[PDB]
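Residue numbers start from 1 in every chain, and the chains themselves are labelled A, B, ... in the order their sequence lines are given, proteins ahead of strands. The figures here come from the full heavy-atom set of this structure, side chains too, leaving out hydrogens, waters and symmetry mates.
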Amino acid sequence: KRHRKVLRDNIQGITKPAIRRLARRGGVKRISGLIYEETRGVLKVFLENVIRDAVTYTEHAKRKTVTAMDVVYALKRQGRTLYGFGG
Amino acid sequence: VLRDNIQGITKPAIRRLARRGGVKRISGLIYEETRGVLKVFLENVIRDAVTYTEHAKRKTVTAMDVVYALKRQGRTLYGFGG
Amino acid sequence: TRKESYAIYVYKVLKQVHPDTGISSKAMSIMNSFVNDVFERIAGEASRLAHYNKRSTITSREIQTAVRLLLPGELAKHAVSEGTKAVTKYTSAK
Amino acid sequence: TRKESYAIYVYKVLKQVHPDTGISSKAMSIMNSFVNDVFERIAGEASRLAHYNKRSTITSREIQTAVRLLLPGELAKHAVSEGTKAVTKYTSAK
Amino acid sequence: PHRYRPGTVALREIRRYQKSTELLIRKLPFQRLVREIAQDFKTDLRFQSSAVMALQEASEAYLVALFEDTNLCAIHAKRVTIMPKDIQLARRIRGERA
Amino acid sequence: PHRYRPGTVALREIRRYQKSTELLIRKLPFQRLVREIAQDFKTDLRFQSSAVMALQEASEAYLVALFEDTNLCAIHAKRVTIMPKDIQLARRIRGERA
Amino acid sequence: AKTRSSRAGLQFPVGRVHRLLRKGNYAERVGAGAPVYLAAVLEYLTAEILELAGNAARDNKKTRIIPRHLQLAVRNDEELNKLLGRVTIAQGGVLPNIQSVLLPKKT
Amino acid sequence: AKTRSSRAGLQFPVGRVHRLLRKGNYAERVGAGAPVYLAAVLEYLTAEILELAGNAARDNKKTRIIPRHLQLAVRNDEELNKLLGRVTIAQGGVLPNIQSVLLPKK
DNA sequence: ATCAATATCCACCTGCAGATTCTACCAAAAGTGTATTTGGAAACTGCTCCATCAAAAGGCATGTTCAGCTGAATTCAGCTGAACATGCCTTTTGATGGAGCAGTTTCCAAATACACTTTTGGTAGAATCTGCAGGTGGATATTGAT
DNA sequence: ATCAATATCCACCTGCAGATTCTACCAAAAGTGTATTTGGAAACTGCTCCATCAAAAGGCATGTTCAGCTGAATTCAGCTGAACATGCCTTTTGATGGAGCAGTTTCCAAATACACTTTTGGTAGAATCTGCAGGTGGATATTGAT
Ligand SMILES: [Mn+2]
Ligand SMILES: [Mn+2]
Ligand SMILES: [Mn+2]
Ligand SMILES: [Mn+2]
Ligand SMILES: [Mn+2]
Ligand SMILES: [Mn+2]
Ligand SMILES: [Mn+2]
Ligand SMILES: [Mn+2]
Ligand SMILES: [Mn+2]
Ligand SMILES: [Mn+2]
Ligand SMILES: [Mn+2]
Ligand SMILES: [Mn+2]
Ligand SMILES: [Mn+2]
């Protein structure tokens with residue numbers, strides 16, 4: 001296997017309009033300019049926590065592929081039970 | 001002079017709780033609000049405790065019935081067994 | 001390897017309540033998660049209950065108490081009647 | 001009927017860490033609750049891990065993963081090293 | 001006639017109660033409340049003494065922590081006086097109302 | 001040239017998105033964020049496509065529900081504009097930072 | 001012969017539920033009535049959610065229940081909302097709800 | 001015969017932990033190292049809290065650890081506080097803490 | 001800035017509720033020894049589906065302009081809560097019959113264990129059905145300037 | 001209150017992905033049938049420790065006074081929403097190699113299953129031991145009026 005591009009700064013892929021949309025679904029009408037970076041930071045923590053546990057389940061099973069079930073179990077452990085993906 | 005039981009949770013007792021909670025000034029309406037909140041809390045925990053009491057065919061609510069009730073309500077308590 | 005799901009039973013019940021209503025596969029997946037979720041919750045409450053009482057057997061009585069602990073008011077009432085009825089009937093048939 | 005607790009073992013550990021420090025009854029009861037609580041969380045997590053992976057056995061490996069899932073960073077690292085050390089020592093002994 | 005200004009004694013009490021651990025609701029009245037609530041779920045019940053105490057330790061710790069959140073909500077609105085709407089906001093966000 | 005007043009379109013957007021269910025973050029960008037984060041935890045991992053969608057459904061539900069709480073915090077302060085301090089108060093009451 | 005489900009008058013599988021209870025390591029023993037009672041409860045809760053979701057689907061002029069209908073059913077029902085208070089229904093969206101102070105005008 | 005605890009170099013009871021695991025209905029089987037590993041983890045966590053609790057008793061000029069000290073040790077320690085984030089230590093009280101805006105304007 | 005009223009410390013003191021030390025008893029455990037049973041690792045491999053490259057294009061992200069109206073500041077007065085002094089009723093404490101929580105013994109309904117026999121939920125593959133996404137057009141509200 | 005610029009409602013209609021429609025195969029279920037085992041309901045009962053009463057004991061209820069907090073009214077700088085031009089990059093449609101997940105068989109290292117010997121933690125009673133909770137004394141800080 002040759003090369004594999006370096007992943008960096010992808011938190012910026014969570015754009016201002018996407019965050020605005022999520023806040024609209026949450027019933028928000030007006031948004032301070034500082035909210036976007038704050039939301040990215042909160043999403044990163046949320047994702048690090050769920051992904052850490054999901055990958056822990058992946059390693060325990062000695063797999064190299066993170067499954068939908070590894071995520072469902074990780075979400076359940078965190079009190080964020082998710083229906084619809086085998087869980 | 002009579003006295004409704006929930007009223008036995010007095011203004012001074014509530015203020016002390018609030019002080020330990022770091023509260024400096026209290027609205028007069030807080031006391032009744034607190035009583036209502038405390039009653040709901042006790043109803044939820046006691047209901048489950050009694051459910052464990054009855055399942056065990058007992059007439060006495062034990063500390064363990066309470067500990068198990070608190071635990072399933074996400075309010076784990078240390079110091080009373082379990 | 002065969003993978004089980006409550007799908008056909010969910011479908012049978014769907015047909016009883018709403019004869020001409022169908023369900024998408026994603027909604028059926030959600031219903032399968034729901035049934036498994038409640039099964040585990042009730043079974044776990046039953047397990048703890050039995051352990052707390054030093055009983056090695058989970059009988060319908062532990063399921064009933066687990067149901068009362070787990071379900072909100074009116075749902076617990078109706079679940080209790082349906083389960084009691086199902087057991088009384090079951091035991092009458094043999 | 002015997003009432004078992006971790007009290008005597010908690011006390012032995014206390015003496016190793018603070019030789020001239022005692023512990024009140026209420027505090028000890030809190031420590032007993034703590035040990036039982038962590039035991040149940042770790043055991044339950046290990047139980048789920050084995051079931052998820054369709055294994056009938058809870059081995060030191062499920063205990064280890066359970067620890068990494070349940071304990072915060074540094075606590076997990078030291079618990080893992082302490083656990084690994086004890087199983088090593090144990091395994092090397094006639 | 002000496003007189004402490006409004007707030008000086010409040011602050012004094014916060015310091016005092018945050019240093020101690022004794023229960024702050026009187027026992028008997030709490031016990032009566034507990035029995036009355038339980039009687040609605042099952043009549044003629046008895047309570048081990050430790051059962052009532054566990055309920056009180058749990059109830060007080062619950063209210064004290066709720067008062068902390070309530071206080072942050074009042075402060076968020078630029079006040080220093082907790083009001084019912086502060087307790088309601090805290091409970092809703094905790095998901096006790098939500 | 002016609003212009004809706006500020007807030008009018010915002011309200012229209014709220015009604016539109018509360019009526020639908022499609023995910024609101026672009027899919028590939030979210031997938032890269034997931035891979036970047038996972039990669040820093042453990043190298044050489046692969047992902048089932050449904051594992052990434054599961055993370056996205058959960059992340060968006062989490063954020064929408066947090067914005068609802070945040071909104072309540074801004075309104076509590078007599079504002080209609082959410083600010084970092086509202087998200088922080090919401091997470092603190094939820095016990096995410098407490 | 002007859003299934004334990006037919007003897008109990010159920011649609012849900014008593015046999016399956018008995019098996020799942022044994023494999024789940026919930027207790028050393030599982031009595032015969034346990035799976036019957038449990039299958040009955042699961043069946044009842046599923047009847048309840050499908051009753052409400054099919055109504056949400058009808059309300060939306062649809063004949064097929066989708067996740068959004070399951071979500072509207074659960075979130076608009078006080079008890080199901082509580083039972084699923086910490087559950088996320090994928091592709092469920094949320095209930096329309098705009099806080100009053102955010103609406104324009106007055107009165 | 002040497003106790004499994006001594007062989008593992010532990011104070012906590014391996015034998016009892018094995019027994020508790022078996023009867024807790026956690027799995028059909030329990031390997032030999034599981035109760036050893038788990039006992040060691042329980043011992044370590046116990047030492048950690050008693051270590052910090054004892055220090056709190058000391059700072060308070062006390063030689064006997066009471067609930068208050070366990071609470072001070074746990075709530076002042078970032079990790080223990082999170083591990084016990086949903087636990088109430090009876091007779092623990094709270095950490096001294098007054099929101100700055102509430103202090104008088106000296 | 002100057003007392004003056006109080007709260008807050010700290011050094012010391014000691015009775016006592018609660019922790020510690022010790023003897024005796026033993027079912028409960030836990031450890032050792034023996035033989036059988038078995039979960040799941042390695043080994044080999046079928047086959048799903050994951051990563052990746054390609055190409056096309058339009059749904060959206062980006063960046064800017066402009067100004068509506070929101071947040072933040074300032075001011076101020078009504079009035080609600082804090083502090084406090086005044087007086088008694090509910091709570092706390094210590095003592096005492098029994099309601100039952102438990103320990104013990106008896107016994108069967110009911111739950112493993114085990115060998116067949118029969119039924120059924122999956123599911124692999126091909127075929128036809130059918131609800132509604134998605135675009136279209138036009139009559140009906142909604143908004144916002146005047 | 002009229003009027004235009006636009007969003008919103010929505011019933012109707014076509015193409016299609018996703019769904020309900022059958023055929024055949026069946027291992028994994030689930031069920032029917034004897035033998036053997038035993039968990040725990042049931043009854044009786046001893047020992048706690050709970051409910052309740054009496055009285056020694058330590059807050060709470062209540063009205064007065066006013067400090068200072070809440071929230072209303074006012075003002076305005078500039079943030080943030082709305083609209084717009086531009087074109088990037090996500091999305092969509094497909095194909096392909098192959099990493100690796102997952103099925104199948106072999107087979108031992110390790111676990112279950114007793115049976116037996118030993119040690120040990122828990123309990124009960126007796127009696128001595130001790131950390132520290134309050135109580136005292138005097139010193140000093142804190143607070144608030146002058
Ligand atoms: Mn990286
Ligand atoms: Mn095998
Ligand atoms: Mn651009
Ligand atoms: Mn404003
Ligand atoms: Mn007043
Ligand atoms: Mn009796
Ligand atoms: Mn079939
Ligand atoms: Mn349409
Ligand atoms: Mn028996
Ligand atoms: Mn390969
Ligand atoms: Mn001994
Ligand atoms: Mn002292
Ligand atoms: Mn003095």
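If you check every strand for non-hydrogen atoms under 4.0 Å, E:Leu28 touches a base. As judged by a 4.0 angstrom heavy-atom cut-off over every strand, C:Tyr6 is placed among residues making no nucleic acid contact. Counting non-hydrogen atoms under 4.0 angstrom, E:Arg5 reaches the backbone sugars and phosphates but no base. Residue-level contact check: H:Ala32 touches the backbone only, with heavy atoms under 4.0 Å from sugar-phosphate atoms and none from bases. Nucleic acid contact class of G:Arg64 (heavy atoms, under 4.0 Å, all strands): sugar-phosphate only. Residue E:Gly7 is classed as a sugar-phosphate contact, given heavy-atom separations below 4.0 Å to backbone atoms only. E:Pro29 comes within contact range of the sugar-phosphate backbone alone, with a heavy-atom separation under 4.0 Å but no base atom that close. The residue F:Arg16 sits apart from the nucleic acid: no heavy atom pair falls under 4.0 Å.
Contact annotation: E:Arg26 side-chain N/O to J:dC60 OP1/OP2 distance is under 4.0 Å.
Here I:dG122 is the nucleotide among I:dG122, I:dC50, I:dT8 with the atom lying nearest to any side-chain atom of G:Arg16.
With respect to the salt-bridge test (charged N to carboxylate O, under 4.0 angstrom), the residues G:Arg22 and H:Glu28 do not qualify. In this structure, H:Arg64 does not pair ionically with D:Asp20, as no charged nitrogen and carboxylate oxygen lie closer than 4.0 Å.
Using atom P as the reference point in both I:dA113 and I:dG39, the two lie 13 Å apart (nearest Å).
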Given pairs defined as Watson-Crick or G-U wobble with both distances under 3.5 Å, what dot-bracket annotation applies to DNA chain J, with ( ) intrastrand, [ ] crossing, | other strand and . unpaired?
||||||||.|..||.|||...||.|||.||||.||||||||||.|||||||||||.|..|..||||||||||||||||||||||||||||||||||||.|||.|..||||||||||||..||..|...||||||||||||||||||
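Under the 3.5 Å distance criterion, with hydrogens and angles disregarded, a donor-acceptor pair is assigned to the side chains of A:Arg30 and F:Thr81.
Within 6.0 Å of the CZ atom in G:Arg19, the count of heavy atoms belonging to other residues, nucleotides or ligands exceeds 12.
At a cut-off of 3.5 angstrom, the base of I:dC84 holds no donor-acceptor pair with the side chain of E:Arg3.
Of the two residues contacting DNA chain I, namely D:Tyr11 and B:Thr62, the nearest-nucleotide position lying further toward the 5' end is that of D:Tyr11.
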In a table with atom names and distances, give each donor-acceptor pair under 3.5 Å that connects a side chain of residues 1-13 of chain F to protein atoms at least two apart or in another chain.
from, atom 1, to, atom 2, distance (Å)
F:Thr8, OG1, F:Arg5, O, 3.4
F:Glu13, OE1, A:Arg24, NE, 2.7
F:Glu13, OE1, A:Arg24, NH2, 3.4

